[PDB]
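**Student:** What follows is run-v8.txt, made up of compact mmCIF, N, CA and C atoms:
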```txt
# COMPACT_ATOMS: atom_id res chain seq x y z
N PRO O 6 96.51 82.77 94.89
CA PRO O 6 95.76 81.80 95.69
C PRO O 6 94.38 81.50 95.10
N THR O 7 94.05 80.22 94.99
CA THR O 7 92.78 79.80 94.41
C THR O 7 91.98 79.02 95.43
N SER O 8 90.70 79.36 95.55
CA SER O 8 89.78 78.60 96.37
C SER O 8 88.72 77.99 95.49
N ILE O 9 88.15 76.89 95.95
CA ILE O 9 87.00 76.30 95.29
C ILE O 9 85.83 76.29 96.26
N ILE O 10 84.66 76.65 95.76
CA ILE O 10 83.46 76.73 96.58
C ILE O 10 82.33 75.97 95.92
N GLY E 284 80.52 95.20 80.66
CA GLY E 284 79.14 94.75 80.64
C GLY E 284 78.39 95.23 81.88
N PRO E 285 77.07 94.99 81.92
CA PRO E 285 76.25 95.48 83.03
C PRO E 285 76.25 94.54 84.22
N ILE E 286 75.90 95.08 85.38
CA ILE E 286 75.67 94.22 86.53
C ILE E 286 74.52 93.27 86.23
N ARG E 287 74.68 92.01 86.61
CA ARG E 287 73.60 91.04 86.52
C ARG E 287 73.39 90.44 87.90
N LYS E 288 72.15 90.17 88.25
CA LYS E 288 71.85 89.34 89.42
C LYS E 288 71.43 87.97 88.90
N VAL E 289 72.11 86.93 89.38
CA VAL E 289 71.96 85.58 88.88
C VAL E 289 71.59 84.65 90.03
N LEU E 290 70.57 83.82 89.83
CA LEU E 290 70.21 82.82 90.83
C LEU E 290 70.90 81.49 90.57
N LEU E 291 71.32 80.86 91.66
CA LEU E 291 71.94 79.55 91.60
C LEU E 291 71.20 78.71 92.64
N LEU E 292 70.85 77.47 92.29
CA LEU E 292 70.25 76.56 93.27
C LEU E 292 71.27 75.51 93.69
N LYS E 293 71.60 75.51 94.98
CA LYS E 293 72.61 74.61 95.52
C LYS E 293 71.95 73.64 96.48
N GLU E 294 72.11 72.34 96.24
CA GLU E 294 71.66 71.35 97.20
C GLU E 294 72.67 71.29 98.33
N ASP E 295 72.22 70.87 99.51
CA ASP E 295 73.10 70.88 100.68
C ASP E 295 74.33 69.98 100.49
N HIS E 296 74.19 68.93 99.69
CA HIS E 296 75.25 67.96 99.51
C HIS E 296 76.29 68.35 98.45
N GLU E 297 76.12 69.50 97.82
CA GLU E 297 77.04 69.87 96.75
C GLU E 297 77.64 71.25 96.94
N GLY E 298 78.80 71.46 96.32
CA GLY E 298 79.41 72.77 96.29
C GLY E 298 78.81 73.60 95.18
N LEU E 299 79.19 74.87 95.12
CA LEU E 299 78.71 75.76 94.07
C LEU E 299 79.29 75.42 92.71
N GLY E 300 80.51 74.90 92.70
CA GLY E 300 81.19 74.55 91.46
C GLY E 300 81.90 75.73 90.83
N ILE E 301 82.63 76.48 91.65
CA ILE E 301 83.30 77.69 91.19
C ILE E 301 84.70 77.77 91.80
N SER E 302 85.69 78.10 90.99
CA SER E 302 87.00 78.46 91.52
C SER E 302 87.08 79.98 91.60
N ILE E 303 87.68 80.44 92.69
CA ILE E 303 87.73 81.86 93.01
C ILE E 303 89.17 82.33 93.13
N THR E 304 89.48 83.48 92.55
CA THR E 304 90.75 84.16 92.82
C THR E 304 90.47 85.61 93.19
N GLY E 305 91.51 86.34 93.58
CA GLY E 305 91.37 87.77 93.83
C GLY E 305 90.93 88.11 95.24
N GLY E 306 90.53 89.36 95.44
CA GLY E 306 90.17 89.85 96.75
C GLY E 306 90.95 91.10 97.12
N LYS E 307 90.55 91.73 98.22
CA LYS E 307 91.06 93.03 98.63
C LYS E 307 92.59 93.08 98.70
N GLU E 308 93.21 92.03 99.21
CA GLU E 308 94.65 92.06 99.42
C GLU E 308 95.41 92.03 98.10
N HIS E 309 94.71 91.67 97.03
CA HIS E 309 95.31 91.63 95.71
C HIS E 309 94.97 92.86 94.88
N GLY E 310 94.14 93.73 95.44
CA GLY E 310 93.75 94.94 94.75
C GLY E 310 92.83 94.68 93.56
N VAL E 311 92.16 93.53 93.57
CA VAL E 311 91.23 93.18 92.50
C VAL E 311 89.98 92.55 93.09
N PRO E 312 88.89 92.49 92.30
CA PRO E 312 87.66 91.88 92.80
C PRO E 312 87.82 90.39 93.09
N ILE E 313 86.85 89.84 93.82
CA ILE E 313 86.66 88.40 93.86
C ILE E 313 86.24 87.98 92.46
N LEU E 314 87.00 87.07 91.87
CA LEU E 314 86.82 86.72 90.46
C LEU E 314 86.57 85.24 90.27
N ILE E 315 85.67 84.91 89.36
CA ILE E 315 85.45 83.53 88.99
C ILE E 315 86.54 83.10 88.01
N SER E 316 87.34 82.11 88.41
CA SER E 316 88.44 81.67 87.55
C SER E 316 88.13 80.38 86.82
N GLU E 317 87.18 79.62 87.34
CA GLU E 317 86.75 78.38 86.72
C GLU E 317 85.30 78.11 87.04
N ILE E 318 84.57 77.59 86.07
CA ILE E 318 83.23 77.09 86.28
C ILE E 318 83.26 75.58 86.04
N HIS E 319 82.95 74.80 87.07
CA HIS E 319 83.08 73.35 87.00
C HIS E 319 81.84 72.66 86.43
N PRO E 320 82.04 71.80 85.42
CA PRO E 320 80.92 71.17 84.69
C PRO E 320 79.92 70.39 85.56
N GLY E 321 78.63 70.63 85.31
CA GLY E 321 77.56 69.89 85.96
C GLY E 321 77.15 70.37 87.33
N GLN E 322 77.95 71.26 87.91
CA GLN E 322 77.65 71.76 89.23
C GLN E 322 76.78 73.02 89.14
N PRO E 323 76.25 73.48 90.29
CA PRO E 323 75.24 74.55 90.28
C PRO E 323 75.59 75.78 89.43
N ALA E 324 76.82 76.27 89.53
CA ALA E 324 77.18 77.47 88.78
C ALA E 324 77.11 77.23 87.27
N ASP E 325 77.60 76.08 86.81
CA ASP E 325 77.45 75.70 85.41
C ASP E 325 75.97 75.55 85.04
N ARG E 326 75.20 74.86 85.88
CA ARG E 326 73.80 74.55 85.57
C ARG E 326 72.94 75.80 85.43
N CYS E 327 73.24 76.83 86.21
CA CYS E 327 72.42 78.04 86.20
C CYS E 327 72.57 78.83 84.90
N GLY E 328 73.71 78.67 84.23
CA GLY E 328 73.92 79.27 82.93
C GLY E 328 74.27 80.75 82.91
N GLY E 329 74.32 81.37 84.08
CA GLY E 329 74.49 82.81 84.16
C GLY E 329 75.78 83.31 84.79
N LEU E 330 76.68 82.40 85.12
CA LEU E 330 77.97 82.75 85.71
C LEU E 330 79.10 82.29 84.80
N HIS E 331 80.06 83.17 84.58
CA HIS E 331 81.11 82.89 83.61
C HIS E 331 82.49 83.23 84.13
N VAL E 332 83.49 82.53 83.63
CA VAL E 332 84.86 82.82 83.99
C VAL E 332 85.15 84.27 83.64
N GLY E 333 85.76 84.99 84.57
CA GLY E 333 86.04 86.40 84.37
C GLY E 333 85.05 87.32 85.05
N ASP E 334 83.91 86.79 85.46
CA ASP E 334 82.94 87.58 86.22
C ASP E 334 83.52 87.98 87.57
N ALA E 335 83.31 89.23 87.95
CA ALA E 335 83.59 89.67 89.31
C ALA E 335 82.35 89.44 90.15
N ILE E 336 82.52 88.85 91.33
CA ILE E 336 81.42 88.71 92.27
C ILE E 336 81.40 89.93 93.18
N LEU E 337 80.42 90.81 92.95
CA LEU E 337 80.30 92.05 93.72
C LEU E 337 79.61 91.80 95.05
N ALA E 338 78.67 90.86 95.05
CA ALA E 338 77.91 90.56 96.26
C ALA E 338 77.26 89.20 96.13
N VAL E 339 76.96 88.58 97.27
CA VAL E 339 76.20 87.33 97.27
C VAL E 339 75.15 87.44 98.36
N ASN E 340 73.90 87.15 98.00
CA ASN E 340 72.77 87.31 98.91
C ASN E 340 72.80 88.60 99.70
N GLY E 341 73.15 89.70 99.03
CA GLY E 341 73.15 91.00 99.67
C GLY E 341 74.34 91.26 100.59
N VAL E 342 75.35 90.40 100.53
CA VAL E 342 76.61 90.65 101.23
C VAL E 342 77.59 91.28 100.25
N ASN E 343 77.94 92.54 100.47
CA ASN E 343 78.86 93.25 99.60
C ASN E 343 80.28 92.71 99.73
N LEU E 344 80.81 92.18 98.62
CA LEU E 344 82.16 91.61 98.63
C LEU E 344 83.15 92.43 97.81
N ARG E 345 82.81 93.70 97.56
CA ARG E 345 83.68 94.56 96.75
C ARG E 345 84.97 94.91 97.46
N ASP E 346 84.97 94.84 98.79
CA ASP E 346 86.15 95.25 99.54
C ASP E 346 86.45 94.27 100.67
N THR E 347 86.50 92.99 100.32
CA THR E 347 86.69 91.93 101.29
C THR E 347 87.86 91.08 100.83
N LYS E 348 88.68 90.63 101.79
CA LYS E 348 89.81 89.77 101.47
C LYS E 348 89.35 88.40 100.99
N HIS E 349 90.21 87.75 100.22
CA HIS E 349 89.93 86.44 99.65
C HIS E 349 89.29 85.46 100.63
N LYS E 350 89.98 85.19 101.74
CA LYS E 350 89.53 84.15 102.67
C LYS E 350 88.13 84.40 103.22
N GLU E 351 87.88 85.63 103.65
CA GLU E 351 86.59 85.98 104.22
C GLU E 351 85.49 85.93 103.17
N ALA E 352 85.79 86.38 101.95
CA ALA E 352 84.80 86.28 100.87
C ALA E 352 84.44 84.82 100.60
N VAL E 353 85.46 83.97 100.54
CA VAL E 353 85.26 82.55 100.30
C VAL E 353 84.43 81.91 101.43
N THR E 354 84.72 82.29 102.66
CA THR E 354 83.93 81.81 103.79
C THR E 354 82.45 82.21 103.66
N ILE E 355 82.18 83.49 103.38
CA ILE E 355 80.80 83.94 103.19
C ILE E 355 80.10 83.18 102.07
N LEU E 356 80.80 83.06 100.95
CA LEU E 356 80.24 82.35 99.81
C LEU E 356 79.89 80.91 100.19
N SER E 357 80.78 80.28 100.96
CA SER E 357 80.64 78.87 101.32
C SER E 357 79.48 78.64 102.29
N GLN E 358 79.10 79.69 103.02
CA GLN E 358 78.02 79.58 104.00
C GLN E 358 76.63 79.66 103.38
N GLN E 359 76.55 80.07 102.12
CA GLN E 359 75.25 80.25 101.49
C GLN E 359 74.60 78.92 101.17
N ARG E 360 73.27 78.89 101.27
CA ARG E 360 72.53 77.65 101.05
C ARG E 360 71.32 77.88 100.15
N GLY E 361 70.88 76.82 99.48
CA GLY E 361 69.64 76.87 98.72
C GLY E 361 69.73 77.72 97.47
N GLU E 362 68.75 78.60 97.30
CA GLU E 362 68.70 79.49 96.15
C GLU E 362 69.47 80.76 96.49
N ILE E 363 70.58 80.97 95.79
CA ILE E 363 71.57 81.97 96.17
C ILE E 363 71.70 83.00 95.05
N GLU E 364 71.59 84.27 95.41
CA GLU E 364 71.72 85.35 94.43
C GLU E 364 73.14 85.90 94.37
N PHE E 365 73.73 85.87 93.18
CA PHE E 365 75.04 86.46 92.94
C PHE E 365 74.85 87.75 92.18
N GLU E 366 75.48 88.82 92.65
CA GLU E 366 75.54 90.06 91.90
C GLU E 366 76.91 90.10 91.24
N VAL E 367 76.93 90.02 89.91
CA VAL E 367 78.18 89.89 89.18
C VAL E 367 78.30 90.93 88.08
N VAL E 368 79.52 91.15 87.62
CA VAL E 368 79.75 92.05 86.49
C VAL E 368 80.98 91.58 85.73
N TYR E 369 80.90 91.66 84.41
CA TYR E 369 82.05 91.44 83.56
C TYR E 369 82.37 92.80 82.96
N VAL E 370 83.36 93.48 83.53
CA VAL E 370 83.61 94.87 83.17
C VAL E 370 84.17 95.02 81.75
```
How does the structure come out when it is put into structure tokens?
**Tutor:**
Amino acid sequence: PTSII
Amino acid sequence: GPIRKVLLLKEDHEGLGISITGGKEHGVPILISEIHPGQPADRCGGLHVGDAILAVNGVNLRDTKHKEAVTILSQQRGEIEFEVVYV
């Protein structure tokens, strides 16, 4: 799982 | 490598410019997987793909699940201190 912030 | 504390300046209208993977449920640190060009993390010059984010503004993220770490990171404003390490 990848998140962008 | 050694722990570094790195400052990032984020305007309210922009994101940090970082992709994140990892977290407690994966048995690995919160990890920077991408640094996006022109955004605060790129501009600061001190954050790199492969860095583990140990803490942000004194919030220890060494043992936090992905979602909650991302939420904490997303809540930070202005001049933000990242404690990172490239082991």
**Student:** Quick one: pull the distance between atom CA of residue E:310 and atom CA of residue E:366, Å, one decimal.
**Tutor:**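 About the pair atom CA of residue E:310 and atom CA of residue E:366: they are 19.1 Å apart.
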**Student:** Up to 8 Å from chain O, what residues of chain E turn up? Count all atoms listed in the file and give them as a PyMOL selection string.
**Tutor:** chain E and resi 297-305+353+356-357
**Student:** Between atom N of residue E:355 and atom C of residue E:288, what is the distance, to one decimal in Å?
**Tutor:**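 Straight-line distance from atom N of residue E:355 to atom C of residue E:288 works out to 18.6 Å.
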**Student:** Please measure the separation of atom CA of residue E:317 and atom C of residue E:334, giving the value in Å to one decimal.
**Tutor:**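 Value for the atom CA of residue E:317-atom C of residue E:334 distance: 10.2 Å.
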**Student:** Would you compute an axis-aligned box for chain O, covering every atom listed for it in the file with 6 Å of margin on each side, and report centre and edge lengths in Å to one decimal as JSON?
**Tutor:**
```
{"center_x": 89.4, "center_y": 79.4, "center_z": 95.5, "size_x": 26.2, "size_y": 18.8, "size_z": 14.2}
```
**Student:** How would you write, as a list in words, the set of residues in stretch 296-358 of chain E that DSSP gives as strand (DSSP E)?
**Tutor:** residues 301, 302, 303, 304, 305, 306, 311, 312, 313, 314, 315, 316, 317, 318, 335, 336, 337, 338, 339, 342 and 343 of chain E
**Student:** Determine which residues of chain E receive a DSSP assignment of helix (DSSP H, G or I), computed from the backbone, and state them as an MDAnalysis selection string.
**Tutor:** chainID E and resid 307:309 323:327 349:358
**Student:** Write out as an mmCIF file with N, CA and C atoms, in the coordinates of the input the residues lying within 7 Å of residue E:286, counting all atoms listed in the file and excluding same-chain residues fewer than 4 positions away.
**Tutor:**
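Listed below is the output, part-v4.cif:
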```
data_model
loop_
_atom_site.group_PDB
_atom_site.id
_atom_site.type_symbol
_atom_site.label_atom_id
_atom_site.label_comp_id
_atom_site.auth_asym_id
_atom_site.auth_seq_id
_atom_site.Cartn_x
_atom_site.Cartn_y
_atom_site.Cartn_z
ATOM 1 N N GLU E 366 75.480 88.820 92.650
ATOM 2 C CA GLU E 366 75.540 90.060 91.900
ATOM 3 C C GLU E 366 76.910 90.100 91.240
ATOM 4 N N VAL E 367 76.930 90.020 89.910
ATOM 5 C CA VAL E 367 78.180 89.890 89.180
ATOM 6 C C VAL E 367 78.300 90.930 88.080
ATOM 7 N N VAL E 368 79.520 91.150 87.620
ATOM 8 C CA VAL E 368 79.750 92.050 86.490
ATOM 9 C C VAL E 368 80.980 91.580 85.730
ATOM 10 N N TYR E 369 80.900 91.660 84.410
ATOM 11 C CA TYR E 369 82.050 91.440 83.560
ATOM 12 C C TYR E 369 82.370 92.800 82.960
#
```
**Student:** Would you mind completing stretch 319-331 of chain E so that it carries N, CA, C and O atoms, and writing it out as a short mmCIF file (atom, residue, chain, number, x, y, z; two decimals), in the frame of the given file?
**Tutor:**
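Final file, part05.cif:
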```
data_model
loop_
_atom_site.label_atom_id
_atom_site.label_comp_id
_atom_site.auth_asym_id
_atom_site.auth_seq_id
_atom_site.Cartn_x
_atom_site.Cartn_y
_atom_site.Cartn_z
N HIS E 319 82.95 74.80 87.07
CA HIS E 319 83.08 73.35 87.00
C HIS E 319 81.84 72.66 86.43
O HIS E 319 80.73 72.87 86.89
N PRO E 320 82.04 71.80 85.42
CA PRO E 320 80.92 71.17 84.69
C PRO E 320 79.92 70.39 85.56
O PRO E 320 80.32 69.60 86.42
N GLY E 321 78.63 70.63 85.31
CA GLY E 321 77.56 69.89 85.96
C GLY E 321 77.15 70.37 87.33
O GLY E 321 76.12 69.94 87.87
N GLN E 322 77.95 71.26 87.91
CA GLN E 322 77.65 71.76 89.23
C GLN E 322 76.78 73.02 89.14
O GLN E 322 76.55 73.53 88.05
N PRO E 323 76.25 73.48 90.29
CA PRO E 323 75.24 74.55 90.28
C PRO E 323 75.59 75.78 89.43
O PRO E 323 74.74 76.27 88.70
N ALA E 324 76.82 76.27 89.53
CA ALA E 324 77.18 77.47 88.78
C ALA E 324 77.11 77.23 87.27
O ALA E 324 76.61 78.07 86.52
N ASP E 325 77.60 76.08 86.81
CA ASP E 325 77.45 75.70 85.41
C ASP E 325 75.97 75.55 85.04
O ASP E 325 75.54 76.08 84.01
N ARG E 326 75.20 74.86 85.88
CA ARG E 326 73.80 74.55 85.57
C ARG E 326 72.94 75.80 85.43
O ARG E 326 72.01 75.83 84.62
N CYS E 327 73.24 76.83 86.21
CA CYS E 327 72.42 78.04 86.20
C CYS E 327 72.57 78.83 84.90
O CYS E 327 71.67 79.57 84.52
N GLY E 328 73.71 78.67 84.23
CA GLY E 328 73.92 79.27 82.93
C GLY E 328 74.27 80.75 82.91
O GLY E 328 74.51 81.32 81.85
N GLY E 329 74.32 81.37 84.08
CA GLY E 329 74.49 82.81 84.16
C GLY E 329 75.78 83.31 84.79
O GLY E 329 75.94 84.51 84.98
N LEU E 330 76.68 82.40 85.12
CA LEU E 330 77.97 82.75 85.71
C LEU E 330 79.10 82.29 84.80
O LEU E 330 79.09 81.16 84.33
N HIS E 331 80.06 83.17 84.58
CA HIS E 331 81.11 82.89 83.61
C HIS E 331 82.49 83.23 84.13
O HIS E 331 82.64 84.13 84.96
#
```
